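Below is one structure; the comments refer to it alone.
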């Protein structure tokens, strides 16, 4: 959790399950072989208040 | 605050270091210690926060 910084907010989060072409290193395949996870969820601000 | 930096470094294994800690190492105020700043902002400097 970050409070107000623009440059600290997470934009995506992804998992990998395979490499890419010929590269063996997961640190080199992870940037282009990911799968973005995450769903949003609605609440009720009147109930919260 | 504590007495030994080894005990301080063992304490900061399970503690987070998100904003980063600061040491003093010269002549601290009330004993050997680390300082962890929080995520508040300074606003009295116009073009950037």
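Residue numbers (the authors' numbering), protein chains in the order written: chain D, 835 to 883; chain K, 200 to 248.
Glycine included, each C-beta is placed from N, C-alpha and C at the ideal position.
Bridge partners - residue 849/D, DSSP secondary structure assignment: Answer is 869/D, bridged to residue 849/D.
When you compare the CB of residue 836/D with every CB in chain K, is at least one pair closer than 8 Å? Output row for residue 836/D: interface = yes.
Going by Cα to Cα distance, which pick from 200/K, 228/K, 217/K and 229/K is closest to residue 837/D? 217/K
On the three-state DSSP scale, how would you describe residue 220/K? strand
Checking 8 Å against the spacing of the C-beta atoms, do residue 850/D and residue 867/D come in under that value? Result yes, Cβ atoms of residue 850/D and residue 867/D sit closer than 8 Å.
Counting Cβ pairs, one atom from each stretch, are 3 or more of them under 8 Å apart for the region 212-227 of chain K and the region 861-881 of chain D? no
Under 8 Å between C-beta atoms of residue 231/K and residue 201/K: Yes. Within cutoff.
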